[PDB]
J.: 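The structure's right below; bear with me while I get my questions together.
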Amino acid sequence: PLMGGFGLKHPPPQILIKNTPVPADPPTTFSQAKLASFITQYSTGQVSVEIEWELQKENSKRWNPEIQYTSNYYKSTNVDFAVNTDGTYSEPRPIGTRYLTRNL
Amino acid sequence: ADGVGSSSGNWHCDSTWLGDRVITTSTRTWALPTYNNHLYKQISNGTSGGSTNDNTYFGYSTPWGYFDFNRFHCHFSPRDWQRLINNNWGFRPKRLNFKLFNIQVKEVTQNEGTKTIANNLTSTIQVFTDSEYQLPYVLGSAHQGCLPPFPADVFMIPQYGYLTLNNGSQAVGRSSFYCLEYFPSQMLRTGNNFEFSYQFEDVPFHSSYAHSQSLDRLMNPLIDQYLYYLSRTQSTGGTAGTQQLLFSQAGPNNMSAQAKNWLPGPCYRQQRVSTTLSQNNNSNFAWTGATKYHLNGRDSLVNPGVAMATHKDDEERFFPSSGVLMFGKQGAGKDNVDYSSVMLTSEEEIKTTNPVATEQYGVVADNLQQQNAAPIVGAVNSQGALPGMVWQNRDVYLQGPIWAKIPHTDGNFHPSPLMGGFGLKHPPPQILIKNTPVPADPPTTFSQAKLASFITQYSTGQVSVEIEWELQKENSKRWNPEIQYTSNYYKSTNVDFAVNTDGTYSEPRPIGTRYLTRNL
Amino acid sequence: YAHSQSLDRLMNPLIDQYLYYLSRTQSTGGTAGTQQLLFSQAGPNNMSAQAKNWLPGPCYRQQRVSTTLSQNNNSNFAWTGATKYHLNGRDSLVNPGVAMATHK
């Protein structure tokens, strides 16, 4: 994929969910028209997704230290990757996946 | 175990195509109201009012509703119907399975002007099938109220009623009254579900195909016949007309004169109507010039009638008045709607074996000729069954009825439904459903009168019907390509057999079942 | 046994049919009679116009005779007006004939 990712011929199936329609009271005389009146309704619940990942461990003879991803040492008004005073979670920066080096 | 917090069933819609079987299955959401305030009622219409003698009836409307799946588009998507009619010569139903599940019962109450709706967890509904066919069988009259063609629609369940012998509006002595509470029925609360299985009796395959040969062309075009016919009764080329009997062998030159083993199917004539308005007469002949039958003093229109070709070659515009099934387009009125709204079916394919609906069956002699008396030949407008006669049944449609119940009688002739379908002596039992009445608070002092005050109530739920179909595969040595049913290639504002911008599912045209050919 | 339903009344009296029939060939209410094709669904109001799956049994007509003497014609039509069949040059009276209702 050009956005980056894992191209999959059979990706994880997409899960579809819908509230079953519940009709409001029909008339007492028969009518062929479909029922256009429903009870206003919504649903809530919990969802768990669990992915097992396989890792390729870094094995390298490089003598000097690697570059690592580290948080800023200096003081700040609020912590990065944490809620603010109002309770809003924010992500300060995009975090790329490549800090390690290999030989080309 | 069942309960108020667990679902009684799952949603299933599929068509499984395996070998020579196809199993179609549908699920819909229904809503069943309370009919007749839980009352049986006599209903009748007499000739005393503006009604004529033909329209009189006597019968009863019940509190009960009933499920009707009897139309094909209940069980087939337009794509599943296309696989069927393109690839197969015939099909017949084998068995069905039926389920009610996920039943909600809800009470509704009015306070001033506000409405409110609440679950009633302890209420029931009553469901029974008439396995023994002890009730008037009201399916197969092509009534509305079938499951919708499109699975996302929610439909109202139709009220059950029946008609009985009458004289005028009054009832005769043989008139029957049926109390439906007098059968055993299963009672279901919101955790209960209902199921039964039915197996179709052996029925001939509906023939989905056209003949690639007309009935009168079965001959070899190359070879003469050894039989003779009477070619000429008069002397040819002579200065006198002296009569002489001359015989000839029929051959490629005159095929119309050859001897033939078979005859076209039976004929009962219809009046011809043109879609071009100028060609029709100026009058209202719809009822007057109609083809009717007369039963116990009441004239009943013959609709659609015996299966007959809609029109002959190179006449598109003519159709028999009552002869063809007529379907309406989505959102069409019930009364005096214009021609553009209806969809006229046509039988093209049976021109081979069947006479044209609007024309005479043939011509027979009216007299015994003499040297004095000229021969006279009359037309045959209506012709019953003769030996050596072959015909095709009317074609089923995606919008049309699947089966009918063969009346129980001493005798019948070729018991196949005239709307098209599968005639069944033991059709699928009709399923009856009703909300059990729940009384409003009775008085604190005893009274003998029955309780007329009830809690306003209705129920909803899910219904699954699953039919296994047997297929007759097409095996043909035809070299050139068949005609197939195909969607239009050109662009359009909206897709055929799909919802529009407003969400309304529509069916553009009736789809007949015969695109394949066989040899006659 | 007798049937408790006539052959043409097998319908549900409550519900309309989804099929249509040709109700009127002429323009209604207009100062001109210009022909126009108008279709309608048959229903409880007109049952005679509904589509039906079956037809009444076969018919071979008989001459009608009244027990009231005054109503009958004055002649002897017993043999002459009789319903006969013709077999090898001999006319045989059709008796009793195909099963048909005696009277309406």
Side-chain angles (χ1 to χ4, degrees), chain B residues 47 52-56 165-168 170 172-175 265-271 287-303 305-306 322 360-368 376-387 389 406-415 418, chain C residues 1-10 47-48 52-104:
Chain B
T47 188
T52 187
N53 191 32
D54 293 345
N55 291 336
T56 60
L165 299 176
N166 62 341
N167 187 339
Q170 293 178 335
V172 298
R174 294 179 181 84
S175 296
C267 177
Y268 190 78
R269 185 194 288 268
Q270 293 296 322
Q271 181 61 260
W287 178 252
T288 60
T291 297
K292 292 180 293 296
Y293 67 88
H294 186 63
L295 178 64
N296 191 343
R298 291 176 297 182
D299 288 344
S300 178
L301 177 64
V302 175
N303 192 30
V306 296
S322 63
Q360 62 183 20
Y361 179 81
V363 175
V364 297
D366 288 345
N367 63 345
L368 276 64
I376 296 169
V377 293
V380 175
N381 290 335
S382 177
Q383 183 62 259
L386 275 65
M389 182 176 281
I406 295 169
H408 189 280
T409 54
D410 288 343
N412 59 35
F413 175 74
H414 186 63
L418 295 175
Chain C
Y1 58 83
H3 296 293
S4 62
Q5 290 176 330
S6 64
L7 178 63
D8 57 354
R9 292 290 178 267
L10 297 176
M47 298 182 292
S48 63
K52 297 183 177 76
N53 284 332
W54 306 106
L55 263 59
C59 177
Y60 190 78
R61 185 194 288 268
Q62 293 296 322
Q63 181 61 260
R64 186 185 67 191
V65 176
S66 177
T67 59
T68 299
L69 297 175
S70 296
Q71 294 179 336
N72 290 335
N73 188 342
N74 186 338
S75 64
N76 191 30
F77 57 87
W79 178 252
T80 60
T83 297
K84 292 180 293 296
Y85 67 88
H86 186 63
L87 178 64
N88 191 343
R90 291 176 297 182
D91 288 344
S92 178
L93 177 64
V94 175
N95 192 30
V98 296
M100 295 176 73
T102 299
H103 59 79
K104 64 189 184 71

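Side-chain atoms are counted along with the backbone in the values below, which use heavy atoms only and exclude waters and symmetry mates. Chain identifiers are assigned alphabetically (A, B, ...) following the order of the sequence lines, protein sequences preceding nucleic acid strands; residue numbering begins at 1 within each chain.
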J.: For C:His3, check ring pair (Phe, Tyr, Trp, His ring centres under 6.0 Å) against everything at least two apart and list the hits.
T.: C:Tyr1

J.: Say you draw a straight line from CG of C:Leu69 to CG of C:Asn74; how long is it, rounded to the nearest 0.5 Å?
T.: 10.5 Å

J.: Can you list the residues that meet the side-chain hydrogen bond (donor to acceptor under 3.5 Å, both in side chains) rule with C:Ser66, with sequence neighbours excluded?
T.: C:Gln71

J.: Determine yes or no for a side-chain-to-main-chain donor-acceptor pair under 3.5 angstrom, with B:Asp54 supplying the side chain and B:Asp299 the backbone.
T.: yes

J.: Can you tell me if B:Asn381 uses its side chain to pair, donor with acceptor, with the backbone of B:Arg269 under 3.5 Å?
T.: no

J.: For B:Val377 and B:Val363, which heavy atoms make the closest approach, and how far apart are they?
T.: CB-CG1, 3.4 Å

J.: Would you say C:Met47 and C:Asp8 make side-chain contact, with heavy atoms under 4.5 Å?
T.: no

J.: Checking side-chain polar atoms at under 3.5 Å, does C:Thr83 have a donor or acceptor matched by the opposite partner on C:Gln63?
T.: no

J.: Which heavy-atom pair separates B:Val306 from B:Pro266 by the least distance, and what is that distance?
T.: CG2-O, 4.4 Å

J.: For the CG atom on B:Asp366, are there more than 12 heavy atoms of other groups (residues, nucleotides or ligands in this structure) within a distance under 6.0 Å?
T.: yes

J.: Specify the closest pair of heavy atoms between C:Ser48 and B:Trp287, including all atoms of both residues, with the distance to one decimal.
T.: OG-CH2, 3.9 Å

J.: With a 4.5 Å cut-off on side-chain heavy atoms, are B:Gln270 and B:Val302 touching?
T.: yes

J.: So which atom in C:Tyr85 and which in C:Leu93 form the shortest heavy-atom distance, rounded to 0.1 Å?
T.: CE2-O, 4.0 Å

J.: So which atom in B:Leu165 and which in C:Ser6 form the shortest heavy-atom distance, rounded to 0.1 Å?
T.: CD2-N, 3.6 Å

J.: Report, as yes or no, whether the 6.0 Å neighbourhood of atom NE2 on B:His408 holds more than 12 heavy atoms from other residues, nucleotides or ligands.
T.: no

J.: Return yes if some donor-acceptor pair links the side-chain N/O of B:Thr56 with the main-chain N/O of B:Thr47 below 3.5 Å, else return no.
T.: no

J.: Starting at CH2 of C:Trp54, measure out to CG of C:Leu10 and round the result to the nearest 0.5 Å.
T.: 10.5 Å

J.: Rounded to the nearest 0.5 Å, how far apart are CG of B:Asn167 and OG of B:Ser175?
T.: 9.5 Å

J.: When rounded to the nearest 0.5 angstrom, what is the spacing between CG in C:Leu55 and CG in C:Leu7?
T.: 7.5 Å

J.: How long is the straight-line distance from CG of B:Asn296 back to CZ of C:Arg9, given to the nearest 0.5 Å?
T.: 10.0 Å

J.: Identify the two heavy atoms, one from B:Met389 and one from B:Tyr361, that lie closest to each other, and give their separation to 0.1 Å.
T.: CE-OH, 3.5 Å

